[PDB]
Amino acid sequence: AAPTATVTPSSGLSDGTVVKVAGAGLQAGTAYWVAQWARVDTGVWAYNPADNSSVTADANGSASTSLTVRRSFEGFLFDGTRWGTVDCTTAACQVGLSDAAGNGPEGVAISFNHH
């Protein structure tokens, strides 16, 4: 089972929508942070610590939890440095699982309601 992550719903989201985040093929017994990310610049991503969460992969490398997404949020860099406001209406945002060393499967892109 290859490392993968699934997020649903992933489209038609609103600020406050709760999504299901699931991971498979992960490190058995490893704790994974669940967070919303955004590419704030080429090769630069910021996340939303204000609504982050954590989940530990089971003996089978599977995990699943919930996450509240935000249309816009105060983004922080990987090292905790404050970046600034991020608007997922335009910015490319995703939800991802990452362990303490920054490893984990590819994040899943998300989009918000346009109405």
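Numbers for residues come from their place in the sequence shown, where the first is 1.
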property: Between 51 to 59 and 70 to 78 (mean CA B-factor, as deposited), the higher; result: 51 to 59
property: 6 to 14 versus 21 to 29 - which carries the larger mean C-alpha B factor in the record; result: 21 to 29
property: Where the record places residue 44 (Cα B-factor, split into thirds across the chain); result: highest
property: Third assignment of residue 38 from its chain's C-alpha B-factors; result: highest
